[PDB]
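Asker: Pasting in a structure now, in structure tokens, and then I'll have a few things to ask.
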2 protein chains.
Amino acid sequence: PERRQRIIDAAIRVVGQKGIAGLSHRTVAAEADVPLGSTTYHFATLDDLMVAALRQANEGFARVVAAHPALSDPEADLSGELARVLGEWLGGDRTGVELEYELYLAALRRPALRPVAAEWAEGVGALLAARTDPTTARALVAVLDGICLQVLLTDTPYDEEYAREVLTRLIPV
Amino acid sequence: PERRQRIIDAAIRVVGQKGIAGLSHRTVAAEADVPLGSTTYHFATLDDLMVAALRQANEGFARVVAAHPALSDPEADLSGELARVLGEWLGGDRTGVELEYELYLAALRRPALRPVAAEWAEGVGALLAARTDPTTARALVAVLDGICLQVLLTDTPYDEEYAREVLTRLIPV
């Protein structure tokens, strides 16, 4: 909408800046300059807020993906295309990727494993599987996360030639 | 020691069970059935507690690694050996791996990036680099994390044949 978006976005800012533990209806209300009542009208559980909060992250990346139709194209360079999705998803200030692991964190611990968890590589994996084979796809997916992980945990800049190379090795024939 | 160990271990239990946000001198003191004063005598900053708390995780895995000397042996099957380190590090109830990402989380956000962060793949990467080449080693490392990640985020059981296969593809000549 735009009421509820302001809210989610605020939840978003509250967390990369104060983490899983700094975000509650009241703190999101503050950050959004929005009544608590609005806040709760749109999100009953604190979960729904974090759930929406992430699924948005998840939709942001799927929009980087959807911006490279070539991935599903067999004539196109698979490795190359993936390294460029990763190059984009990271270029900027990582914010949505901070979210996705921050999410993965709250996820692991919680029974809210699934939305953050699978949703990410569900579409990616589904696409990669169709475009290669199941094994490769799980491998491709696992390395996306790894590569991304490294880039944040080590705070290094993304090496696109590098990912391209790595990805190519997991791709057969 | 055994005073300070009880403390760290307790910090350990407090978190996989209440996360980054459920662990403080007072809550660690409670869990440890140990005076707050003990708690602080051994750890001034809340960081030192989380810092020790993790570095222990980090030392647990390096003890799985150190239990496969073969990794540094060129006659030995590299892929095979790594898939078995991963098989061990995961077999059980993931507890130290929960820690390492939970750590990676608190790490990312914080300037405490390094201990959790690098320390993990610093020794692994150093060993792999020496035993292969730098590129491969970064790749191997990135996929360890990925594979591990998946196994927790998807809550699936580790497929050792799978990792073996994946790892082999990143290994050249």
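A note on labels: chains of the structure tokens are A, B, ... as shown, every chain counts residues from 1, and ligands are counted from 1 in their shown order.
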Provide as a tab-separated table (two decimals) with N, CA, C and O atoms, in the first residue's frame the residues of chain A at most 7 Å from chain B, counting only C-alpha atoms.
Answerer:
chain	number	residue	atom	x	y	z
A	16	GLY	N	18.86	-3.55	10.47
A	16	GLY	CA	20.24	-3.55	9.99
A	16	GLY	C	21.03	-2.59	10.86
A	16	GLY	O	22.27	-2.56	10.84
A	21	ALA	N	16.87	-7.75	17.73
A	21	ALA	CA	16.46	-7.42	19.08
A	21	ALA	C	16.04	-5.97	19.27
A	21	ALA	O	15.53	-5.60	20.33
A	102	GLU	N	20.53	-12.10	8.37
A	102	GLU	CA	19.97	-11.64	9.63
A	102	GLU	C	18.67	-12.40	9.79
A	102	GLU	O	18.35	-12.94	10.85
A	104	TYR	N	18.09	-15.24	8.05
A	104	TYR	CA	18.47	-16.65	8.16
A	104	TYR	C	18.78	-17.01	9.62
A	104	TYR	O	18.46	-18.12	10.11
A	105	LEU	N	19.40	-16.06	10.32
A	105	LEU	CA	19.68	-16.17	11.74
A	105	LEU	C	18.38	-16.36	12.54
A	105	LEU	O	18.15	-17.42	13.13
A	108	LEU	N	16.92	-19.72	11.49
A	108	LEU	CA	17.50	-20.93	12.05
A	108	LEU	C	16.90	-21.21	13.42
A	108	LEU	O	16.18	-22.19	13.59
A	109	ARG	N	17.18	-20.32	14.37
A	109	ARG	CA	16.66	-20.44	15.73
A	109	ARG	C	15.18	-20.77	15.75
A	109	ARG	O	14.75	-21.69	16.45
A	113	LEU	N	11.75	-20.79	10.10
A	113	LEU	CA	12.82	-21.21	9.19
A	113	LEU	C	12.45	-20.91	7.73
A	113	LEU	O	13.18	-20.21	7.02
A	117	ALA	N	14.25	-18.85	4.81
A	117	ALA	CA	15.02	-19.97	4.35
A	117	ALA	C	14.75	-20.21	2.89
A	117	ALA	O	15.26	-19.50	2.02
A	118	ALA	N	13.94	-21.22	2.64
A	118	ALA	CA	13.80	-21.74	1.30
A	118	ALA	C	13.51	-20.64	0.30
A	118	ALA	O	14.14	-20.58	-0.75
A	139	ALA	N	24.30	-27.26	-5.75
A	139	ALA	CA	25.65	-26.75	-5.66
A	139	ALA	C	25.69	-25.26	-6.01
A	139	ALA	O	26.31	-24.47	-5.29
A	142	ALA	N	24.26	-23.31	-3.14
A	142	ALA	CA	25.08	-23.32	-1.94
A	142	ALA	C	26.25	-22.32	-2.06
A	142	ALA	O	26.67	-21.67	-1.09
A	143	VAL	N	26.78	-22.19	-3.26
A	143	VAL	CA	27.93	-21.33	-3.45
A	143	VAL	C	27.53	-19.85	-3.56
A	143	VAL	O	28.27	-18.98	-3.09
A	145	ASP	N	25.24	-18.40	-1.73
A	145	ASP	CA	25.23	-18.05	-0.31
A	145	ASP	C	26.62	-17.91	0.28
A	145	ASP	O	26.91	-16.93	0.96
A	146	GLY	N	27.47	-18.89	0.03
A	146	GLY	CA	28.86	-18.87	0.49
A	146	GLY	C	29.60	-17.63	0.02
A	146	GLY	O	30.01	-16.80	0.83
A	147	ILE	N	29.75	-17.51	-1.29
A	147	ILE	CA	30.32	-16.30	-1.88
A	147	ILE	C	29.73	-15.04	-1.22
A	147	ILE	O	30.47	-14.19	-0.74
A	150	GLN	N	30.95	-14.77	2.62
A	150	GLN	CA	32.31	-14.24	2.59
A	150	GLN	C	32.42	-12.75	2.37
A	150	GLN	O	33.15	-12.07	3.07
A	152	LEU	N	30.53	-10.41	3.08
A	152	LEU	CA	30.03	-9.58	4.17
A	152	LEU	C	30.81	-9.84	5.45
A	152	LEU	O	31.18	-8.90	6.17
A	153	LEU	N	31.06	-11.11	5.71
A	153	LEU	CA	31.79	-11.52	6.90
A	153	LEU	C	33.24	-11.04	6.83
A	153	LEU	O	33.82	-10.64	7.85
A	154	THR	N	33.82	-11.06	5.63
A	154	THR	CA	35.19	-10.56	5.41
A	154	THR	C	35.19	-9.09	5.00
A	154	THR	O	36.25	-8.47	4.88
A	166	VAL	N	34.35	-19.76	-10.23
A	166	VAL	CA	33.94	-20.77	-9.25
A	166	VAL	C	32.71	-21.49	-9.74
A	166	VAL	O	32.64	-22.73	-9.77
A	169	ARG	N	33.03	-24.05	-12.52
A	169	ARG	CA	33.52	-25.37	-12.11
A	169	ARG	C	32.43	-26.32	-11.64
A	169	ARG	O	32.61	-27.54	-11.66
A	170	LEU	N	31.32	-25.76	-11.19
A	170	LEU	CA	30.23	-26.57	-10.71
A	170	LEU	C	29.35	-26.94	-11.88
A	170	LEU	O	28.49	-27.80	-11.77
Asker: Write out as a PyMOL selection string each polymer residue whose atoms come within 9 Å of residue B:49, counting only C-alpha atoms; drop sequence neighbours fewer than 4 positions from it.
Answerer: chain B and resi 7-8+11+24-25+39+42-45+53-54
Asker: So which one's closest to residue A:10, A:64, A:134, A:41, A:50? Using only C-alpha atoms, please.
Answerer: A:50
Asker: Between atom CA of residue A:75 and atom CA of residue A:61, measure the distance and give it in Å to one decimal.
Answerer: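 We find that atom CA of residue A:75 and atom CA of residue A:61 lie 23.2 Å from each other.
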Asker: What's around residue B:85 at 8 Å? Count only C-alpha atoms, leave out sequence neighbours fewer than 3 positions away in its own chain, and write the answer as a PyMOL selection string.
Answerer: chain B and resi 64-65+68+81-82+88-89
Asker: A:83, A:57, A:34, A:71: which is nearest residue A:164, counting only C-alpha atoms?
Answerer: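 So, comparing all the options, the nearest one is A:83.
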Asker: Taking into account only C-alpha atoms, which residue in the set A:26, A:31, A:161, A:60 is nearest to residue A:95?
Answerer: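 Closest to residue A:95, using only C-alpha atoms: A:60.
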